[PDB]
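As a plain string of letters, each chain reads:
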Amino acid sequence: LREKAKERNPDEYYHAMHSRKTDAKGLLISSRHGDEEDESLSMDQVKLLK
Amino acid sequence: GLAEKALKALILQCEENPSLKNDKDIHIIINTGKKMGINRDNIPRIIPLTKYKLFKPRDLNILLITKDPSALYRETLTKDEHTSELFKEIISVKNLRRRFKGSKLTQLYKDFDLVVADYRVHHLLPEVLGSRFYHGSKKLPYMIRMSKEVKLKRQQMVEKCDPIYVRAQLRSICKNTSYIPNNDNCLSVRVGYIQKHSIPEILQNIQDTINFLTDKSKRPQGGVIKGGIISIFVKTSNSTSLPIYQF
Amino acid sequence: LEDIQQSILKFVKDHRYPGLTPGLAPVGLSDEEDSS
Amino acid sequence: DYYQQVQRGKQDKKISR
Amino acid sequence: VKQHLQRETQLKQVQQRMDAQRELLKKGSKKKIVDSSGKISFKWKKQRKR
Amino acid sequence: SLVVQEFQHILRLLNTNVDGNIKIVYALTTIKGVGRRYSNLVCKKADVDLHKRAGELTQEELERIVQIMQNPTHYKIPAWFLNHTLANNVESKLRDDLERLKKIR
Amino acid sequence: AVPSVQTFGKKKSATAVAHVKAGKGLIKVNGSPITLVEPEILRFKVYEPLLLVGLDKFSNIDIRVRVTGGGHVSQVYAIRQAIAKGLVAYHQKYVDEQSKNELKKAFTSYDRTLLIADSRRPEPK
RNA sequence: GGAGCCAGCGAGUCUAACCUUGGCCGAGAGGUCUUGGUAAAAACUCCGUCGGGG
């Protein structure tokens, strides 16, 4: 792991950089959910559940 | 009268023995038959004496430990006439952990006489205090509810105090004594000074203590005896056992 | 049953600290009002 | 003259065991 | 029977709070007041819906 | 043109001498034995001006505080108001046994 | 979108993050207004970029500053560099290039440590 | 004496003293309680106080 950290190569472009996002601390945040659609219910669906 | 003769024996051997002069207290140790229930934390629960006082808040040096900001605490307790001459020093916990380290903690133990802290910080207190204070059970700090006001669930706690109430609380805990709850059968309790009062005071002391510990009511403090008390031995820290009341 | 029938037909502790309620001192009003 | 006899009792108890 | 009555009171309390919150989502012009005892509640504008 | 006045230098109180121009706190410190909080508390116990000089504090309040210092426990007061051969043996033993150690080694 | 911009400032071992976005004319540094930076003699050094340029350009924006690491003077130089480069970046992105250039000229003529830092690497002979 | 506030390397089911006072339990081995004494962020800023050595 340390030797990968030596050869980071600071120019890469992985398309997941449009979907992942990161803390200011540097650590990579991840979801309790997992999916791509259940990030936040919208007002219709909340009307139904309520 | 056999009890009183044994106490005479203890005090006269205390006079003769070089080591026995250099420790100056009396402990009653009880052996009962059954093991007690509550686990041994370090909250010394108090026991009342009815006829005879023991010590005076105007006689011992006192340390008080606060919550964090300690500003209104220190200034009011210093300036308002019921506690102006009472406490030797007030200090907060964070200030203490900043201020005293190692040999400084040992110097504290050498210097100050009795320690009381707020109930809301007693739980954390021995960790900064270490175990030099926590050798055995003499200098165990007590806990005192400062403001005479109680925090309900889901409501911001109100800060206040009153020297009236804290002076009464210290006068209670310095008039009468305290024990520690255990799990094993045997237990110990400090009772009386060899010069501050005399043998009838000590016998009355023992009677009230065993009565309060035998009484079924007042259960968070006084219902400590389960099963029968077998025997009581009187001893100092460095003397030996003298047996009374064997059945 | 009178209690139940009426309602059907109609101390120092903390919330978070339980060691206080034995550890405290049940202070005396004499040890308050008196000045030694 | 009690102290010596009870420490006697202590010693003799242990060596008796 | 006493237990059942007390349970009923608790349930109707939770139902009423949930019902006001459910009505808080439809339409109109809402206005938030604090009843000076410390209550939070609302009041709608004088506005007949179509 | 006349105005009249209502001053005493270094005092001899309890076997030692104390200066005469400085406030009563510093005075009760230079009196042998006791401390600052003790001073401030006994002076507000006798109800004397904290700010006054040792040239001040005339004879009646002086002897009053003398009474207090001579018998404080009568004034609601707390207790913090008062105040070779083995070397030879171990040396000789270690040096002798190390001598024998050198000799055997 | 909200017209926004982000920059960094850096003394020897500290970090000063500066968000700059359009707003009501305020400053915030670590969730506290900037009349309350600590060292109280270098508060003026923090104030330096504003008093260099003027005040209206900081009347029409919103700053948010967060600093970590370092010690006192290091943090202070970090904040001033961050505020400088952030203001210049916001001007470059959303208003006229001429205003950006006159800003840059006034800054660098005064003191270049505002626009570029010096991480002090040694010189071995 | 308060009060304000700031760093960076580091993480192996791994990290730690001594003798002493006695009660009880057990055939012990010893177990458990009891008890006394000895070894082990700071400078910074601001406010308030003071002005030869054992």
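Thresholds applied
- Residues numbered from 1 in each chain as written, not as in the entry; some residues may be left out.
- Chains lettered and ligands numbered in written order.
- Part of a larger assembly, values for the part shown.
- Heavy atoms only, no water.
- Residues with missing side-chain atoms left out of burial classes, pairs and counts.
- Helix = DSSP H or I, 4+ residues; strand = E, 2+ residues; numbered from the N terminus.
- Rg over C-alpha atoms; globule rule 2.2 N^0.38 Å.
- Pairing = 2+ DSSP bridges.
- Axes fitted to C-alpha atoms, helices over the stretch in contact; angles between N-to-C directions.
- Contact = heavy atoms within 4.5 Å.
- Nonpolar A, V, L, I, M, F, W, Y, C, P; charged D, E, K, R; others polar.

Method information in the entry identifies cryo-EM as the source of the structure, with 4.4 Å recorded as the resolution.

For this structure, the PDB header gives the title as "Cryo-EM structure of the 90S pre-ribosome from Saccharomyces cerevisiae, state A (Poly-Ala)".

In the nomenclature of the PDB entry, chain A is known as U3 small nucleolar RNA-associated protein 11 of Saccharomyces cerevisiae.

Some points on the overall build of chain A
Across its full length, chain A holds two helices and zero strands. At 17 Å, chain A has a C-alpha radius of gyration far larger than the 10 Å of a compact globule built from 50 residues. Along the first, second and third principal axes, the C-alpha set of chain A runs to 50 × 20 × 15 Å.

Looking at unusual backbone geometry
Backbone geometry at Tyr245(B) places phi at a positive 65°, although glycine is not the residue there. For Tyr245(B), the position within the fold is in the segment after β10 (242-244). One non-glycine residue with positive phi stands out, namely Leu14(F), at about 55°. Positionally, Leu14(F) belongs in the loop between β1 (11-13) and β2 (16-18).

Some points on the sheet that holds strand β2 (residues 14-22) of chain G
Within a sheet, adjacent strands bond to each other through the backbone by hydrogen bonds, running parallel or antiparallel. All names here are of chain G. The three strands are arranged β1-β2-β3 in an open sheet whose pairing can be described as antiparallel. Each having just a single partner strand, β1 (4-9) and β3 (61-69) make up the two edges of the open sheet. Recorded for the sheet is a direction-independent mean angle of 15° between the axes of neighbouring strands. Running at roughly 30° to β2, helix α2 (residues 72-94) makes contact with β1 and β2 of the sheet.

Describing the sheet that holds strand β1 (residues 27-32) of chain B
Residue and element names in this part refer to chain B. The strand order β8-β1-β9-β10 describes an open sheet built from four strands, whose pairing is antiparallel. Here the strands that pair on one side only, and so sit at the sheet edges, are β8 (187-190) and β10. Between one strand axis and the next, the sheet turns through 25° on average, direction left out of account. Pairing of β1 with strand β9 (residues 229-235) involves six bridges; the strand directions are antiparallel. Each residue of the ladder has a partner; that of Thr32, found in β9, is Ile229.

Concerning the interface of chain B and chain C
On the side of chain C, seven residues touch chain B, which itself brings seven residues to the contact. Residues of the side of chain B that touches chain C, tallied by class, amount to four nonpolar, no polar and three charged.

Examining the environment of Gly69(G)
Residues and elements named next belong to chain G. When you line up the elements, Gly69 lands in strand β3. Each C-alpha atom, one on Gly69 and one on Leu36, is 18 Å from the other, the two residues being 33 residues apart in sequence. Not counting residues within four places of it along the chain, the set of residues in contact with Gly69 comprises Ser13 and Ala14.

Notes on the pairing of strand β5 (residues 114-118) of chain B
Residues and elements named next belong to chain B. As defined by bridge partners, strand β3 (residues 62-65) adjoins β5 across four bridges and the pair is classed as parallel. If you follow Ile65 over to β5, its bridge partner there is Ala117. Alignment of β5 against strand β6 (residues 142-144), held across three bridges, turns out to be parallel. When the bridges of β6 are listed, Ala117 appears paired with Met143.

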